[PDB]
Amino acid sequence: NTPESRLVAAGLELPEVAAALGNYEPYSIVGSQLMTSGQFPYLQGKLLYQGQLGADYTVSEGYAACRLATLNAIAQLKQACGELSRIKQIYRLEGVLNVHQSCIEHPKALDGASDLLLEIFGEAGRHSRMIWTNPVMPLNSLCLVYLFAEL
C-alpha cells in the first residue's frame, strides 16, 4: 500500500512538475536528505491562487491552495526518487503565505499541506513544520511549499 495508491484512492492525479523560476534545481540531496525548492499551487499548468489570505482568499481556499502546492511538491519528490515508498519520512514542511493583517488563521491554511502529507504518507508523513508570512510572493502566489524527505 503505497503513497501512489493513496493518491489514487483520494482521486488525486500528480501534476507535471513545474520549471524552476531561476537558475536553481527543483530539488537537491545531501546524504539521505532530499529537499525541494519552492512549490506552487499549480493545476494543469495554471497558478490557481494569486493574491492574499483574508483579502482575496478565505481560509478554506488557503487550505485548498496549500494542499495543491503540496501535491506539486509530492510530484517533485516522486520525480526525484521514482517510487514514493522509498521515502522513509517526510520529516519537515516549510510553508510561506501572503496574509492580510486582519487574518491570523494561516496555520489553518497550512494544514492543507500537513493534512495531505498524513493522508498520503501515513505515519511516514508525520512532520515538524515552519510557517512564514511574506508581503510579496513570486508570481503573486498565495503560497509556497517546501518539503524535506529522508531516503
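Position 1 is the first residue in the sequence shown; the rest follow in order.
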So 138-146 or 5-13, which one's hotter by mean CA B-factor in the entry?
-> 5-13
With reference to the PDB entry, specify whether the mean Cα temperature factor is higher for 129-137 or for 18-26.
-> 18-26
Would you mind finding, among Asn98, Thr36, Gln44, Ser60, the residue with the largest C-alpha temperature factor in the entry?
-> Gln44
Here the Cα B-factor of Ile104, set against its chain, lands in the third termed highest
Give the position of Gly112 by CA B-factor within its chain, expressed as the lowest, middle or highest third.
-> middle
